[PDB]
Number of protein chains: 4
Amino acid sequence: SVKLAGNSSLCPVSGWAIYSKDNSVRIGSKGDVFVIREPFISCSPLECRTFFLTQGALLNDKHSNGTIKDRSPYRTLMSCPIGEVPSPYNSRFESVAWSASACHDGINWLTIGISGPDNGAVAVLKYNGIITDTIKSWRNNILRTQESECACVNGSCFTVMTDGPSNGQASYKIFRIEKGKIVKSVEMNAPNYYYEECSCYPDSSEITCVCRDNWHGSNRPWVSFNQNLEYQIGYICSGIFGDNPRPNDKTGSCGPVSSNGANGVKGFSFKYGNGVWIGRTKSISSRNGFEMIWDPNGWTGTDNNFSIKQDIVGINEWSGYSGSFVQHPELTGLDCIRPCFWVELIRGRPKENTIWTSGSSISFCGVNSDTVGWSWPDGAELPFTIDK
Amino acid sequence: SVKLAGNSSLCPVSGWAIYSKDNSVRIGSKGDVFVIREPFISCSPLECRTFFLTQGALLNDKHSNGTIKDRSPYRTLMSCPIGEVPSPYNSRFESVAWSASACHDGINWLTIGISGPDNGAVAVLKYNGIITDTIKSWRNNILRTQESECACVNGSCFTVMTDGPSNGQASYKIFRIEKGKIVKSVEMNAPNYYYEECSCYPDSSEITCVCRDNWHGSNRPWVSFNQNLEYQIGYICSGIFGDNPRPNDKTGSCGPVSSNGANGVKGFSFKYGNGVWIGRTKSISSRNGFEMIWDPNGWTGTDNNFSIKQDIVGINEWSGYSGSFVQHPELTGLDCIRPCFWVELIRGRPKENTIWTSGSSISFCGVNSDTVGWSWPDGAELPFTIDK
Amino acid sequence: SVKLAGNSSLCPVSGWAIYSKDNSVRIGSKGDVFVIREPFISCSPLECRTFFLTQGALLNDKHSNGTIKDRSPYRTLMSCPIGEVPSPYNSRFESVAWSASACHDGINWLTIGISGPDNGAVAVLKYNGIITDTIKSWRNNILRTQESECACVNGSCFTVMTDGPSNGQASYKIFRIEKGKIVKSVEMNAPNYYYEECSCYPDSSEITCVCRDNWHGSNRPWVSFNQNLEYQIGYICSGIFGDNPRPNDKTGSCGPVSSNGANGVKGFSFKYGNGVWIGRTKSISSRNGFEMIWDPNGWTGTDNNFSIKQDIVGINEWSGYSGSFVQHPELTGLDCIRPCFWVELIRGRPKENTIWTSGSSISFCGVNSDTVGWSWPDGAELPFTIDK
Amino acid sequence: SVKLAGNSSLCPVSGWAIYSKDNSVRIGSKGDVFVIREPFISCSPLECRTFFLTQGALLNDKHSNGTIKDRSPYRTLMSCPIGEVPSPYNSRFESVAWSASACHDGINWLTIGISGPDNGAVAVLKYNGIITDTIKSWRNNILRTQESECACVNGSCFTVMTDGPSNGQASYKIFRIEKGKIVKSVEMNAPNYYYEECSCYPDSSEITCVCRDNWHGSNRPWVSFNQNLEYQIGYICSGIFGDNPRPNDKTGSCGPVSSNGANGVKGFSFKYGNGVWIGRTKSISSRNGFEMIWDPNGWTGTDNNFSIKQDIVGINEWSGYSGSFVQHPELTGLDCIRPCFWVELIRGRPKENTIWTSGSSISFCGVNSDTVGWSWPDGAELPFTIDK
Ligand SMILES: *[C@@H]1O[C@H](CO[C@@H]2O[C@@H](C)[C@@H](O)[C@@H](O)[C@@H]2O)[C@@H](O[C@@H]2O[C@H](CO)[C@@H](O[C@@H]3O[C@H](CO[C@H]4O[C@H](CO)[C@@H](O)[C@H](O)[C@@H]4O)[C@@H](O)[C@H](O)[C@@H]3O)[C@H](O)[C@H]2NC(C)=O)[C@H](O)[C@H]1NC(C)=O
Ligand SMILES: *[C@@H]1O[C@H](CO)[C@@H](O[C@@H]2O[C@H](CO)[C@@H](O)[C@H](O)[C@H]2NC(C)=O)[C@H](O)[C@H]1NC(C)=O
Ligand SMILES: CCC(CC)O[C@@H]1C=C(C(=O)O)C[C@H](N)[C@H]1NC(C)=O
Ligand SMILES: CCC(CC)O[C@@H]1C=C(C(=O)O)C[C@H](N)[C@H]1NC(C)=O
Ligand SMILES: CCC(CC)O[C@@H]1C=C(C(=O)O)C[C@H](N)[C@H]1NC(C)=O
Ligand SMILES: CCC(CC)O[C@@H]1C=C(C(=O)O)C[C@H](N)[C@H]1NC(C)=O
Ligand SMILES: *[C@@H]1O[C@H](CO)[C@@H](O)[C@H](O)[C@H]1NC(C)=O
Ligand SMILES: *[C@@H]1O[C@H](CO)[C@@H](O)[C@H](O)[C@H]1NC(C)=O
Ligand SMILES: *[C@@H]1O[C@H](CO)[C@@H](O)[C@H](O)[C@H]1NC(C)=O
Ligand SMILES: *[C@@H]1O[C@H](CO)[C@@H](O)[C@H](O)[C@H]1NC(C)=O
Ligand SMILES: *[C@@H]1O[C@H](CO)[C@@H](O)[C@H](O)[C@H]1NC(C)=O
Ligand SMILES: *[C@@H]1O[C@H](CO)[C@@H](O)[C@H](O)[C@H]1NC(C)=O
Ligand SMILES: *[C@@H]1O[C@H](CO)[C@@H](O)[C@H](O)[C@H]1NC(C)=O
Ligand SMILES: *[C@@H]1O[C@H](CO)[C@@H](O)[C@H](O)[C@H]1NC(C)=O
Ligand SMILES: *[C@@H]1O[C@H](CO)[C@@H](O)[C@H](O)[C@H]1NC(C)=O
Ligand SMILES: *[C@@H]1O[C@H](CO)[C@@H](O)[C@H](O)[C@H]1NC(C)=O
Ligand SMILES: [Ca+2]
Ligand SMILES: [Ca+2]
Ligand SMILES: [Ca+2]
Ligand SMILES: [Ca+2]
Ligand SMILES: [Ca+2]
Ligand SMILES: [Ca+2]
Ligand SMILES: [Ca+2]
Ligand SMILES: [Ca+2]
């Protein structure tokens, strides 16, 4: 075992090849599948795994009732192999958690699991399953983190957490973690900005995070930083607005776009010089559909012109959260860090007549070979037996 | 860990010893068993696995409704250990797929998973579960592949894909794949021939495939080739016709036999000089029964005389797809490549009064020791609870 | 990895410590557990496993109907870790089989699985899961074998099979198998004797088998042999009759005891010079209760006196088949071969009002430390939901 | 593999970080989850596992009826990975038992499983799953042991067993066990003391146990001993009484506190010089709530003054058994033995209107980083379908 180097560049990609689909909700109609949300993928040098926050309940059982609720003591972070349904019979226990991150440094898994009360939550860090550190809410208002993989470069792993309001200015901190021990943190000077649920990736020994502005931005904030936590901040300039909700595409801004700026959805994007691969919902108002857009000047330019669009979920089908993951050269044998993404397909409440809320997933990896647009939706027929 | 050599000849065999049976449909009446079709077996130097295309649904659940349908975004290629029922709790996720192939080169698994729309399908190629290449539809008309194992020789693996009409001339391509990367492909010049769902095996460093003529052939087409994809083509001459449907046995042809030629079923045969071991259904009109027939001049001769018949499934019992798989010397310690086969036992629609279609399997290995004819059918009592 | 020597003597034992209980039937009331009979235990140098003949059906499902039936094409030999319920989700497929044996030579697993028609059945032998030999019925009348572990000495494994009538003189053969290849077999000269379902163990480089006389013996036949298949034969002389059914205990015989001699139950016994540890039912007429008796002159003396009895299952509780297994010094680190046994607890037909027949198990290992008699019965409440 | 040294001292801790939660009862409403009680956690140098005593029945199935009952032949000691639900599909079978202990010496697991009748129970000792010894009841009155992990130092493992009345003076023995073989045992001279369900841990090469006085003590008894089983005895002096039931806090005693002394619950405490970390229920009269309390002079001082209290389960929520477990330097890489604990969250009879009694778990590890009080209760909604 050796540390992931994390020093090559992102592989340039022309399209996205489908990687996994788990059909969890479809299968949970009969089988024993966890009620989950906030799924994400992360890879070691040997395998890729789906992480997810369970609700301590299975689909189509009565304890699935009320799972629209975000935070409870029943929620646990757990993981299974990519593409498998998250079942009590195939899933490894990670942490007690209603917000979470994980990532593999090349040697062992780091996991971060926040539980406790809204006014004094605690992140428990584990390295190879052993508790190695904790960090407690500093603003006493729902300490929260990525809901996707943390990022590793040369034995140090990096994440972002937020504490404070979700409808106004909050506090955002960046952490450096080595063998599960926080060795440095910095609070971001980001007035008039808002970061949550950061999708962070390594690229040439530095970390880039694209996040959710729930306060007043329908474009996505970003923060990048080096191993010493010296950071830079911005918003994606493209007029192809990345958040949900959002306005129709028009002239963008390098600051937060206030039109339709309140609320949000967890998302991601990949920076390639001045350009950007944007993943987003197809609907401007609800979590429906998904598409990947290549905008060759979208990182720094404000026009709404793009070069490529690839359909992933159709506009009438349910989507939800999305995030980045990467495959490092140590895993693939390439000479670059490969970009991939997952989409959470949220089913049930609040949009459907169920007592429950849960998600299945799909993921894709970046390639330079031929690809195609389509729709790979969840496909469960709601309501279920328990609802009726 | 070492590449499969694939340079020895096929073991001569006098009969077929039963190797597995999963009883998947019988078990899925209560257990959590995927609805599947298109199963196949493939071996590494250490184990044999069953690969299959799920419908993203479990048996006796309402999501099994309409699983007569061949292609959807829910279908996934998964695998389990030979003879186990395909459950979400024992199945390894491979790829998102409504048509597939897989094989092991002696170092890692290659998997091939075709998904997307009928007019622009994409094969995703994975080596050790990492995406390593893609190939897209070149006739825009249901890109499709073997539904059985690809074949490997000295580090290269080979498969066949079809694109175009299923009731006429189509286009047929052969591929050389090393470590999941397509290193060469050739389009077959095969006018008035039709190939699909090819069953391919290695034999003396070369590949022989026996396929399905869905256009106008009630005997089976074949294609053989070397590692440079220089090929030869033909049809099995035996008057013991291999496809289903087909006419009653009579004088054969070394080109397509047009009588009952349209439509077909995936199948296989093994070439031994001028002779041929034929697997086929017992009914001439539907997928019922299965039998193995040794015809010592059937590869190249057109008479309907044969020397050995061994019963596998009784004529009143449902059958379906069948395909070759091999066990290499590296696995067996023999000095030859051992032929084996599997049979898909299809239950439900169109022939039975259910909302669903699914399959169990049985598999047999060639030996020169004493064997017996019998019937090992699926054994499920239809309809199921969900149908009623 | 080294061959089991098999050259030490049986360990002297004063009593039996409980080793495992799986509660299969109790648990299959709700969970997915196989309908099984003919369970047995066998150990490698690293673990012990339960082997069993499934009925290709789960408990409390409709396909359990009619499982009183002994032979069908749906029956499969499968194995799981000792003490775990036999489920499709924890069980490894071994062979298609309605009669069976298995044993580990120190290097790999040998398995023997008989399937096919009553008038021409075939035993398929596998070594590390690969077919290595077959042997076909020689009397065309239900080729059958041990339903317990075969016995291994220095790289050779030994079993017994019977072919012929179950109500009269039949034919009995002994086999020597190396790496799953039959290297020698002999037919026993045993007129007026009858051997089936032999429980065979190694002891000082020779094999001793205690078996079932279904023709005309209420005491148990035995056969012992050396590695060259030179054999000796006899019946257990003790007046503590070991078969079920049997008479009440009285003066025994060194030939078959005809009183209550027809029919039988698979059983075992362990020889210690002139003495014998007999495992048997508590009832003289049905498969109910179980007890272990030490009779210090019972191998060769005909009195009905014994020195020790240890209760295992109470007289009013269901028992069934039993058999020996051993733990070799390569596994335990002892300087002798440890004797152990399992009991099948048969539930359902013909004695209970169900559509099905199945069994759970218990096992014990011989020790010299303190032990106790009790009852560890099956404990399922019959009938089940599917019966009603 | 190397023996756990066990020679470092206990890590000083300032609070408890949440480590796991299995949600077993919530999940067993639909999933296949064992009815259990008496779980506990123990770790090897590679993993932590949950051990528990099943009732040989699954939740929401009719065989869970009457599971208030402590001792039966159906009860088995099994284990799974920490935080996973105890299911037949993820659980290792360990031993047949209605009382148990287990621990890992750095090389293999020792398991201890007591079954048989109340007047002659036998402890079966296993090392790496092989029977290596037994010990039988020496007072004929429910031989019983820890229900928590044994303690290991330099290849010796230690435990405590009780035999005799649970409402008066009984007999208490300590055992030294090497590779599953009892090498020494001592009967405790403890007149007017009562010990059972001991929680024992290593600390500087010596064992400290904190136990349950069921006779006449509402504080907890303790016994500490060296590797030769030379022991010292006493009761925790703190006026913060540790048992349940108990009186309200007031001046303590260094011998048994008779007020509310009869009856009790399994529990634990960690000694740090003259101080003590106490885990206890929040209710004085029933098994409800749980809290950790640091009393810097509570080992040897009788006042009811304490420094730190940390909430674990809220006072209106069901609690139950609790026990210590440790993580050795060999697992953690620390220079001290880390204390952890678990709490059994009992549901059903006698306090709720069900046919069954079962338990889920939560566990916590000691840290010197920031922590928080909260409530992590069982969370199931009773009654269940089977009760109605
Ligand atoms: C899904 O979940 C909802 C919401 O329920 C809440 O969360 C769930 C998970 C549980 O934790 C509940 O306890 C929570 O309430 C369910 O709605 C609840 O249904 C239950 C069952 O009917 C209701 O509980 C009953 O209420 C009865 C009415 O009592 C009230 O008035 C009487 C005077 O008549 C008075 O005595 C009492 O104090 C109440 O004020 C009561 O008689 C009975 O014993 C029982 O308590 C509960 O009120 C409902 N909650 C809400 C918020 O409406 C759904 O039933 C559930 N659906 C499914 C399909 O499972
Ligand atoms: C049982 O068999 C083993 C062989 O595996 C015998 O052990 C060997 O004996 C020879 C001397 O004849 C030595 O050269 C070897 O070193 C021994 N090998 C091992 C691994 O110990 C043993 O003598 C036989 N025991 C009995 C009881 O007959
Ligand atoms: C805490 C505020 C935050 C942003 C509105 O809510 C998140 C939004 C969510 C959402 O918009 O779907 C669901 C997340 N599970 C939740 N996070 C937490 C920690 O509860
Ligand atoms: C698409 C043409 C082809 C031949 C008619 O269809 C096959 C027929 C099938 C059949 O005869 O059973 C099943 C195959 N799953 C299907 N293949 C695809 C890719 O859908
Ligand atoms: C074949 C004769 C034999 C002895 C009567 O029947 C056995 C009796 C059985 C029994 O007495 O319970 C069950 C065995 N499964 C069966 N063996 C086979 C091969 O069917
Ligand atoms: C046997 C006396 C002892 C103390 C009353 O009983 C314990 C009480 C129990 C309890 O208070 O919950 C549960 C334990 N399973 C039980 N132990 C046994 C061996 O049955
Ligand atoms: C990246 O790191 C590797 C491994 O330490 C090193 O050998 C290589 O020189 C580095 N490459 C670049 C481009 O910095
Ligand atoms: C990577 O980390 C190691 C250990 O701290 C350090 O020695 C090395 O200089 C780092 N490498 C680079 C290229 O920064
Ligand atoms: C086949 O290949 C192996 C491995 O490369 C080689 O050693 C052997 O000589 C070859 N066999 C034949 C029949 O050519
Ligand atoms: C099957 O599909 C048809 C068509 O939509 C529908 O009418 C019927 O209700 C379905 N049956 C089940 C069991 O879902
Ligand atoms: C097998 O492939 C390797 C790599 O191309 C090559 O070195 C070797 O010559 C090949 N052997 C044969 C028989 O073609
Ligand atoms: C069991 O099988 C018989 C066939 O003999 C059938 O008549 C009966 O209805 C079946 N019973 C159940 C409960 O399915
Ligand atoms: C054990 O088997 C080996 C291999 O056949 C043989 O050489 C040896 O003589 C055997 N030993 C005994 C004691 O039979
Ligand atoms: C603890 O044991 C280790 C391993 O044997 C030893 O090296 C060390 O000296 C010991 N420490 C103490 C404090 O006794
Ligand atoms: C349930 O358990 C009780 C013990 O409390 C037992 O005596 C009774 O017979 C059982 N009742 C049913 C309906 O199974
Ligand atoms: C640990 O055990 C070994 C083996 O008995 C012994 O020789 C050694 O002295 C022991 N170490 C200590 C510190 O007791
Ligand atoms: Ca927003
Ligand atoms: Ca642009
Ligand atoms: Ca045809
Ligand atoms: Ca011919
Ligand atoms: Ca008899
Ligand atoms: Ca006698
Ligand atoms: Ca007490
Ligand atoms: Ca105090």
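Residues numbered from 1 in each chain as written, not as in the entry; some residues may be left out. Chains lettered and ligands numbered in written order. Heavy atoms only, no water.

Time to look at the coordination of the calcium ion (ligand 20). Metal coordination angles in their ideal form are 109.5 degrees for the four-donor tetrahedron and 90 or 180 degrees for the six-donor octahedron. Residues and elements named next belong to chain B. Ligation of the calcium ion (ligand 20) by protein atoms is provided by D295 (OD), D295 (OD), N297 (OD1), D303 (OD) and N305 (O), these donors lying 2.2 to 3.0 Å from the ion. Look at where the donors of the calcium ion (ligand 20) fall in the sequence and you get D-x1-N-x5-D-x1-N. For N297, a relative accessible area of 29% puts it in the partly exposed group. (Donors = N, O, S within 2.8 Å, 3.2 Å for Na, K, Ca; no water. Buried < 20%, exposed > 50% of the residue type's maximum accessible area, 1.4 Å probe, protein only.)

The next point concerns the pattern of salt bridges. Evaluation of the coordinates by the stated rule reveals 79 salt bridges over all chains. The salt bridge involving A:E38 is made with A:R37; its shortest N-O contact spans 3.6 Å. The exposure class assigned to A:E38 is buried, which follows from its relative accessible area of 7%. Accessibility expressed as a relative area gives 11% for A:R37, which makes it buried. Of the charged contacts, one joins D:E38 and D:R75 as a salt bridge, the two residues approaching to 3.1 Å between their closest N and O atoms. With D:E38 in strand β2 (residues 34–43) and D:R75 in the loop between β3 (48–58) and β4 (76–81), this residue pair connects regions lying 37 residues apart in the sequence. Its relative accessible area of 1% is what places D:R75 among the buried residues. A network of salt bridges, in which partner residues are shared, links A:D249, A:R280, A:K282, A:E291, A:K309 and A:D311. (Salt bridge = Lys/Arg side-chain N within 4 Å of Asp/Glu carboxyl O. Helix = DSSP H or I, 4+ residues; strand = E, 2+ residues; numbered from the N terminus.)

All names here are of chain B. Inspection of every chain in the model, using the stated rule, returns 32 disulfides over all chains. Paired through a disulfide, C198 and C211 show a sulfur-sulfur distance of 2.1 Å. Around the S-S axis, the bridge from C198 to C211 shows a dihedral of about 105 degrees and counts as right-handed. With a gap of 13 residues between them, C198 in the loop between β13 (181–187) and β14 (199–203) and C211 in the loop between β15 (206–210) and β16 (221–225) connect regions that are remote in the sequence. Across the pair, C211 and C198 agree in class, each one buried. Here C340 engages in a disulfide with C365; their sulfurs sit 2.2 Å apart. Disulfide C340-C365: the torsion about the S-S bond is 100 degrees, which places it as right-handed. A residue pair is termed long-range when its members are at least 10 positions apart, and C340 in strand β23 (residues 338–348) and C365 in strand β24 (residues 357–367) qualify at 25 residues. We classify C340 as buried; its relative accessible area is 0%. (Disulfide = S-S within 2.5 Å.)

What follows deals with the interface of chain B and chain A. Listed as interface residues are 38 residues of chain B and, on the opposing side, 41 residues of chain A. Here chain B meets chain A over a buried area of about 3,000 Å², counting both sides, of which 61% is carbon and sulfur. At the junction of chain B with chain A, the criterion picks out 1 salt bridge. Put simply, chain B and chain A have 19 residue pairs in polar contact between them. Mapped by element, the contributors of at least two residues to the side of chain B that touches chain A are β3 (48–58), β4 (76–81), β5 (92–96), β8 (122–127) and β9 (130–136) of chain B. Counted by class, the side of chain B that touches chain A contains 17 nonpolar, 13 polar and 8 charged residues. (Contact = heavy atoms within 4.5 Å. Buried area = accessible area lost by both parts, 1.4 Å probe. Polar contact = N/O pair within 3.5 Å; in protein donor to acceptor, adjacent residues only side chain to side chain. Nonpolar A, V, L, I, M, F, W, Y, C, P; charged D, E, K, R; others polar.)

What follows deals with the relation of the copies chain C and chain D. When chain C is fitted onto chain D, the two copies agree to an RMSD of 0.1 Å after a turn of 90 degrees and an axial shift of 0.2 Å. Here the two chains are linked by the operation of a four-fold rotation axis. Minimal C-alpha distance to the rotation axis in chain C is attained by C:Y89, lying at 4.5 Å. Looking at the interface residues of chain C, only 12% of them are also at the interface in chain D, so each copy uses its own face. (Least-squares fit on C-alpha atoms.)

Here we take up the UniProt feature "binding site: Ca(2+)" (unreviewed entry) in chain A. All names here are of chain A. Those places that UniProt annotates as "binding site: Ca(2+)" (unreviewed entry) correspond, in this numbering, to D213, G217, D243 and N263. Judged by maximum C-alpha separation, these annotated positions cover 51 residues in sequence but sit close together in space, the widest gap being only 8.9 Å. When you line up the elements, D213 lands in the loop between β16 (206–210) and β17 (221–225). In this structure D213 touches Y194, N219, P221, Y235, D243, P256, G261 and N263, once residues within four positions along its chain are discounted. At 2.9 Å, the side chain of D213 forms a polar contact with the backbone nitrogen of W215. (UniProt positions renumbered as here; feature names shortened; annotations may be inferred.)

Across the boundary between the two partners, chain C contributes 41 residues, which contact 39 residues of chain D. Of all residues in chain C, C:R26, C:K30 and C:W374 bury the most surface against chain D, accounting for 24% of the area lost on that side. Where chain C touches chain D, the interface holds 0 salt bridges. The tally of links from chain C across to chain D stands at 21 residue pairs in polar contact. In terms of residues, the side of chain C that touches chain D owes the most to one element, strand β1 (residues 15–21) of chain C, which gives 5 residues. Its residues placed into classes, the side of chain C that touches chain D shows 17 nonpolar, 14 polar and 10 charged.

Looking now at the relation of the copies chain B and chain A. Superposing chain B onto chain A requires a rotation of 90 degrees together with a translation of 0.1 Å along the rotation axis, leaving an RMSD of 0.1 Å. The fraction of interface residues of chain B whose copies in chain A are also interface residues is only 11%, indicating that the copies meet through different surfaces.

Enumeration according to the criterion identifies 96 aromatic pairs over all chains in this entry. Ring plane angle 15 degrees and centroid distance 5.3 Å describe the contact between C:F341 and C:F364, whose orientation is recorded as stacked. In this pair, C:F341 sits in strand β24 (residues 338–348) while C:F364 sits in strand β25 (residues 357–367), placing the two residues 23 residues apart along the sequence. Of the residues examined, C:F341 reaches a relative accessible area of 0% and is grouped as buried. Take C:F364: its relative accessible area is 0%, and that puts it in the buried class. Through a chain of ring-to-ring contacts, three or more aromatic side chains come together here, namely A:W16, A:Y201, A:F268, A:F270, A:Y272, A:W277, A:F290, A:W294, A:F341, A:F364, A:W374 and A:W376. Lying across the ring of C:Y321, C:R37 places its NZ or CZ 4.6 Å from the centre. (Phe/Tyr/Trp six-rings, centres within 6.5 Å; stacked < 30°, edge-to-face > 60°. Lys NZ or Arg CZ within 6 Å of the ring centre and 35° of its normal.)

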